[PDB]
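Chemist: Structure provided below as C-alpha cells; questions to follow.
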Amino acid sequence: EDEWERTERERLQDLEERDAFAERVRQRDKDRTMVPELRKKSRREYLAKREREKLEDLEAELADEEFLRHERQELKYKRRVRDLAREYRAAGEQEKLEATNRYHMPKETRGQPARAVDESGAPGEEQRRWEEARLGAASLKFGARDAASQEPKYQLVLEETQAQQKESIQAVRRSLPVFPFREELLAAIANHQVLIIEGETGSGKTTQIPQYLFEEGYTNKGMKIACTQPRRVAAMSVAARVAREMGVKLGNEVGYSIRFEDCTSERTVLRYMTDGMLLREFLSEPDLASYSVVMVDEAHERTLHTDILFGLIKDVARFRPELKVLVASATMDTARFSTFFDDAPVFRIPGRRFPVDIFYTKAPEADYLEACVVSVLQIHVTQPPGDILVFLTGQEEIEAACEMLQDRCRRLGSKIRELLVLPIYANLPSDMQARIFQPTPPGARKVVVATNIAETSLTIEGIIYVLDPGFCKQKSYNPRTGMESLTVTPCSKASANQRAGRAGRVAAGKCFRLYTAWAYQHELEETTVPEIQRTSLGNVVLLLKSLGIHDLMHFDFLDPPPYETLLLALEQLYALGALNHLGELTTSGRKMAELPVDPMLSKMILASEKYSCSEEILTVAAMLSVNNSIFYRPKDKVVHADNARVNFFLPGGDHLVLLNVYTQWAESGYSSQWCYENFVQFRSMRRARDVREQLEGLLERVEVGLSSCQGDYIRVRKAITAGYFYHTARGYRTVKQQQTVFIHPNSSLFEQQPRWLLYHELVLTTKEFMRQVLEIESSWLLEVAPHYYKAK
Amino acid sequence: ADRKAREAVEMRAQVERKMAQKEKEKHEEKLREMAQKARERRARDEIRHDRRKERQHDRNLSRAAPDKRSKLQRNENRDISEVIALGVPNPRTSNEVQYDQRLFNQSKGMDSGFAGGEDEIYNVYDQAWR
Amino acid sequence: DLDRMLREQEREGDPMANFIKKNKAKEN
Amino acid sequence: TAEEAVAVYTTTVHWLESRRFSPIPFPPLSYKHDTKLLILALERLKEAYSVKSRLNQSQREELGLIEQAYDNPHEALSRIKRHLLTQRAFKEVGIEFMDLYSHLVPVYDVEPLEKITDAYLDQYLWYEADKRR
Amino acid sequence: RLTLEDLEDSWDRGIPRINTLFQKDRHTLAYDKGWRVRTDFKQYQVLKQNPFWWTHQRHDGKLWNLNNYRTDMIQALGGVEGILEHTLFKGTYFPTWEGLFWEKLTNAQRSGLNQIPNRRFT
Amino acid sequence: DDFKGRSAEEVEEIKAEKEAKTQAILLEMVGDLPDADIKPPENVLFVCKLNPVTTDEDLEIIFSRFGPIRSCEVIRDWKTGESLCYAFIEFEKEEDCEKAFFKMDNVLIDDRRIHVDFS
Amino acid sequence: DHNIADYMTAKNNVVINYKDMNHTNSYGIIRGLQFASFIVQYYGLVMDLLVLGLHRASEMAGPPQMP
RNA sequence: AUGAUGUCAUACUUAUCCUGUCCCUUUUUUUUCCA
C-alpha cells in the first residue's frame, strides 16, 4: 500500500494548505476586527506583574536547581530570601485574617439571606478529629496549668560510595534475563527489519531492548527511538525506570509524551508515548523521518489503536526500505503476527518463573462468591507466607464480597489474625488504590480482591495464592440491532494463563481454578476476541477517512472488522454532516476530525454558533468525554451521597446537571474538598477539566468563538439535539430500531417519565438501559437532519 | 441601644485594626533591615540560565495562551496519586493512624439502648445466656 | 495470648526501659 | 423596665466582642452536614415510638411523617428551610401533667411537622454553638 | 498500625468507653452536640419518665455489665437441677433442659391485662 | 489617628498605592530591583505585540514622525537571535517619546497591531 | 441570623390548650420545644455574666485563642 | 335545552390485580514579555 501512503502524504499537504487558508482567514478577521498618570498606571501594572512573575518563577528555579561552595552560598541566599518573602506575605495575610476575625453583629437584611465566605481538612481527618473529641471528653486534669514549681527533679545517677551505587545499578541491569540474549537480539535486529519478539513478562524486555538499541547507536543523526505503550501509567512507569537506570531527568534524552503531559524538551532520544500519540503524528507527519526505530508494545492487549498502528506499520514496511521496527509479545501466539508481517522472524526470550501449579474443583458450580470466600478462609488457615488475590468481574458483587469477608473476619477475634481486605475498581478514588501499594504488616496475610486491573494493568508484589472464577465482562456491540451489551462471559485460556503469570510473580504460585479442568481443557476458549469485533468503530472510521484511506472495507488488518459495523458507521457519517454523496469527507468533516473526541459528540461543536452557547455544551462534552463514572456511591452512607446527587438536579436531563457540577466547581477554587463534600470523584472530573482545556485550545483550528448565552438552556438542549438526532427513543421503545427501553435508576429522570427524550448510550446489563437522558419536545427535532426524520 | 452598640463595636474594631496595622508596618521595617542582610549576603550555571530562560518563555507562553501552566500546574504537586506512586519514585508522607478492620465495626446503631423511658422491654443483659 | 502478654509486659510500666531510654539519652 | 434591659444587652454585646465570636449564619442551600443533622433529629424523634404499642392516630401520623422524611430527605430539608424562612404563626399546643406524687411536671404536645423543624433547628444550633464555642 | 491485641485488654474500660471509638455510626455521631440537655428537656416532651436520663449508650458507652449476675444467681439458687426440681419440667417429659426455648385490626379493648403469660407462669 | 472619612475612590487609589508600594518593597527584598525608588529612565519606549519580521531602522523612521529617536534595540533571543517581538527605543526627549507613544497603538506594522508603553 | 431568631421567638408565642381552656403564652418560655434547651442555656450564660461580671468570666474562660 | 373543554373531587364498571428493575477495561499534537 505505497500509493495509500502517497495519497496520505498528499492529503497532509492539502490539509496544510487548508490550514494556511483558514489561518489567512483568521488574520483577515483579526484585521477586520495625564502623561505622569499614565506613567504611574504603567509602572503599577509593570511592577505588579513583574513581582508576581518573579515570585512565581523563583521557587520553580530553586526546584529545578534541586532536581539538577559559591553555588551553595547562592542557593542558601535564594532559599533565605524566598523564605523572607513568604513570611512577609504571610504577615500581610495574617493581618487580613485578624481583621476578618471580629464580632461584627449582623445587619438586619431585607429579603432572602445570601451565603457569605465560609473550612478545614475534610478528607479523612474526621476520624482523628472525633478521636480528639473523645480524648478531650476523656482527659481529666485538675489545678492550674502552671504546676512545674516546687519540683526537686531528681536525676538518675547511672554509671561511670556513590560509584558503588551506580555499579550496583549496572549489576541489577545485568541481572536481567535478556542480558545473555542481547547479542543474538541485536544480530537479529541487523538481520531483519520486521523482527517479532516474544517472551513472558518479568524478563525486562521493554526497558532493556530500547536501552540496548541506545548503546547500539541507532540515534546518531538525530532520528530518535520511539516506544509505544497501551496505557499512559505503564508508559510513566517504564520511562521512570529507564530514567532512573540512566540517572537522567525526564524531558531530556529519556522523555515522554502522553495526553496532557509532554515532557520532551527537544533533546529526547528515548521517546515514550501511547498509540494515540503515534496515530496523531501519523495524522501530522506522513513518514517518520524523525524516528529511526519504532518499538511496538505487546499485542496481547489487542487494543484497537494498536491494530490500526499494525496496519500503518505494515504500510511503512511496504514503503520505507528500512525502519527496524519490532513488536513485543507475551505468549507463544506469534505465528499470526509473523504471517501478517510477511513471514516475520520470531525471537523468544525466557523469563523468570515459578511453579504456579493450577488446582481444581471436582464439581461444576455457578455461584463463585460464597465458595471464593470459603476458599479465602481455607487459604488463611493453611501456609502463612503469601498474599491473596481474588478475581471478580464487577463493582456490585465485589463490594458484597468485601462486606461478606469483613463480616466473617469480624466474627472471629483473637482466632484468625488480621486479613485486611482491599478492593480494586476503575471508579475508585486514588487513596484506596494507593493503599494497595503499601507494604503488608508483618502479622498480616493481606488480601487484595480485584477485577482485571491486576490482570492487565497493575502489578502488585507479594501475591502467592490466586483465585479465578473465569468470568469477565465484555462490551459486545450488535450493529444489527444498534445495541451494545456489557455482559459477563467465561474467559479465555490465554487470560487464565496471564492470570497465572500474575499469580507467581515473586514466589511459587498456588493459582486455584474455580471450575473443572475438563471445561478448562475443552469448553474454555483459547483465544480472546479483540476490540474491533466487540465494539462499534464510529470514532475511528472518521480517523481512517481523515488519513486518506478510502478502502475501509479492504484495509489491511490482523482480522477484518464486520461489514455491518462499517455499514452503520458510514450510515451515521452520512446522517452526520461529514460525508458527501460519494462518501467523501467534506471540510466540515475535516472540522469533525480535527478535535479527537467521538463525532457523535463532536457535532456539539458544529452545532455551536448555530445556537450560540458554545462554552456550555463544551463543558457538557467535557463531562461526556470522561472514562470513569461521575459521582461517588459508596458502600453504606447512600443517603448523603444521594442527597448530594439530588442537590445538583436541574430540569432537562442530566447534561444540565453535569454543566451545573462544572459551574459550581468553578468559583470554588477547583478544590478537592468541594468534590469530597459533594461526593464527586477528584480523579475523573480533573480529566474533564483537562479535556475542556484541550478542547478550548483546539477552537481556532475549527474557528469557533467562545460563545455563551447565560440562561438559554433551551438553546443548549437545541444544540445538543442538533448534535444528537440519531440517539432518540420514545414510547418505551426505540423510534427507529423498535427495541424496548427502560430508564436507569441512577438517571436524574428515573421518575417523572418524559414526553420526548434523547440519550447518549444504550448499555444492556440486566434491562435495556437509558444512560444520560435529556428532555426534548420533538419540535426542533425536525429542524435538524430532515433526511433522517419524517412522519413524527 | 442596638444602634449605639453597633457604632461602639465598629469604632473599637477600627482602633484595634489600626494598632495591628502599625505592628505589621513595624515588622516590614525590621525585615527591610534583613534585606540589607541580603545586601550583606550577595555583596551547570549556563545550563541553569538556559533552563531559567526556557521557564520564562514557558511562563510568557502561558500568559499569552490561557491554559494550565505546563507541569507546574497541570501536573503540579496535586496530581493523581497513581502516577505519583508509579511514574514518580519519590513518595510522600502519610498522617493519621492505621487500625485493624476486625476491631472496627463490632457495634452499630444510631441511638442509646434506652428507648425513651421504656421500662418493660427486659434488656438487662448484653449477650445471650447460652 | 501469652506472646501478646509478654509484649504488653515489655510495653508495661517497666523501669528497665526507662533506664535504657535515659542511658541512651545521656550517652548520646 | 428600660435601663436593666439596656445594661443586659450591652453586657452581652461586650462579652461577645471580647470572645471574638463569629455569629451563626442561616443554614445554606447546600450544607455539608444537613443530612447528618436530619438523621440525628429523626432518630431523636423516633426514640419515643420504639415500643411499637397500639399508639393512636396522631402518633401513627407522626411516625408516618418521620418515615416520609426518612425516605425523601431533600424535600424534607427544603420544607424545613421554607418553614424557617416564612412561617411565624403556628398551631396550638396541648398540655398535660405528669404526676410524680411530690410535684407535677408539664408535658407539651406539638404538631409533628413543627416537631421535625424544631428538632432540625435544635441539632443545627447546638452543632454550630459547639463548633463556634 | 494499632492491632486488636493492643486494645483487647482495655476494650471495655474508660468512662468514654474505648470501644466507642470504633462504632459503625461514629461519623454521623460526631455532629451530635448537646444531648444531655436534650434528655433533660425531653422530660418535658415525652410522657414517660426516663431513669437513664444522664447517659447514652452510643456516646458514653455501656457503663455496666451484669452477665455474671445471672450465672451466680443460677449457682446460688442451687444449680439448674435444683431450680428445675421446683418446676413442671419433669411433667413435660423432655430429655434435657439444654434444648429448651420459650416464646391492623379493630378491637373493643386492648388495655386489659393479658392473662396468658401469667397463666403459663403459674 | 485613623484615616477614615475620605472618598471611596480615594480609599481605592490609596489602597492601590499601598499595593504597589508593597510590590516594590518585595522586589527590593528579593533583589531583582535592589534600588529604592525603582525608577526607569525616561525617553525610552517599550514596543511589544508585533511581528518578528520588523526592522529597527524602519521602526525608528516610523517613530520619527512624532519625535526623533536616538537609538533602538530589539530584544532578540540570547542563543538563536530570533526576535521575541519586544524592543526598547531610546529617544532624545521625553516629550518626543510621549508624542510617539501617544500615536503608536492599534497600528498594523508588519500585519500586527503593536503596543507602546514604558520600560 | 434574624430569620432564625424570629422563628425562635415566634415559636414561643402560641396558644396553650387543655380540654376547654385556651390561653396565649406571651410571657413565659415553653419547655416542650425541641430547641428550648439552647435558649435556657443561653439565658443562663447571660445570668452567669450578670453574676460573675465580665472580668472574672474572661479570667475563667481564658483567652479566646487558648480557652 | 342538553355540544366541546379542562388532573378539581365524588360515585361507577370489568369475578381486573395485591406485583419488578444500579457499567469490565481504556487510547487520541504543534506558537510573545520589560533598567
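Don't overthink the numbers, they just go from 1 along the chain as shown.
Positions of Cβ are set from backbone N, Cα and C atoms, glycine also.
Checked Swiss-Prot, it gives:
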BINDING   A:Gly199, A:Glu200, A:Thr201, A:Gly202, A:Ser203, A:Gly204, A:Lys205, A:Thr206  ATP binding site
DOMAIN    A:186-350  domain 'Helicase ATP-binding'
DOMAIN    A:375-548  domain 'Helicase C-terminal'
MOD_RES   A:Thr489  phosphothreonine
MOTIF     A:297-300  motif 'DEAH box'
Chemist: For the C-alpha pair, I'd like the distance in angstrom between A:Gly202 (ATP binding site) and A:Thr489 (phosphothreonine), rounded off.
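Modeler: With the alpha carbons as reference points, the distance is 29 Å.
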Chemist: Counting distance between Cα atoms, which of the binding-site residues A:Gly199, A:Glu200, A:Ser203, A:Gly204, A:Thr206 is nearest A:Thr489 (phosphothreonine)?
Modeler: A:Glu200
Chemist: Can you tell me the three-state DSSP label for A:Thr206 (ATP binding site)?
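Modeler: Looking at the DSSP assignment, A:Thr206 (ATP binding site) belongs to a helix.
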Chemist: Report the residues of the chain - excluding A:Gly199, A:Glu200, A:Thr201, A:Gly202, A:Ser203, A:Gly204, A:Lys205, A:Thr206 - with C-beta within 8 Å of the mean position of the site's C-beta atoms, for the recorded ATP site, in sequence order.
Modeler: A:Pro177, A:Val178, A:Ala330, A:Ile349, A:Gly351
Chemist: Would you mind ranking the recorded positions A:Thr201, A:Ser203, A:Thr206, A:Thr489 by how many other Cβ atoms sit within 10 Å of each Cβ and giving me the lowest?
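Modeler: Ranked by other Cβ atoms within 10 Å, the recorded positions A:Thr201, A:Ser203, A:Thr206, A:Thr489 bottom out at A:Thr489.
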Chemist: Helix, strand or coil at A:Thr489 (phosphothreonine), per DSSP?
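Modeler: In three-state terms, A:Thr489 (phosphothreonine) counts as strand.
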Chemist: What are the helix, strand and coil residue counts for the motif 'DEAH box' (A:297-300) according to DSSP?
Modeler: 0 helix, 0 strand, 4 coil
Chemist: Judged by the number of other CB atoms within 10 angstroms, which among A:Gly199, A:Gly202, A:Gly204 is the least packed of the binding-site residues?
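Modeler: Each of the binding-site residues A:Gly199, A:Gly202, A:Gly204 was scored by Cβ atoms within 10 Å; lowest is A:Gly202.
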Chemist: Counting other Cβ atoms within 10 Å of each residue's Cβ, which of the binding-site residues A:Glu200, A:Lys205 comes out lowest?
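Modeler: So among A:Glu200, A:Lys205, the binding-site residues given, the one with the fewest Cβ atoms within 10 Å is A:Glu200.
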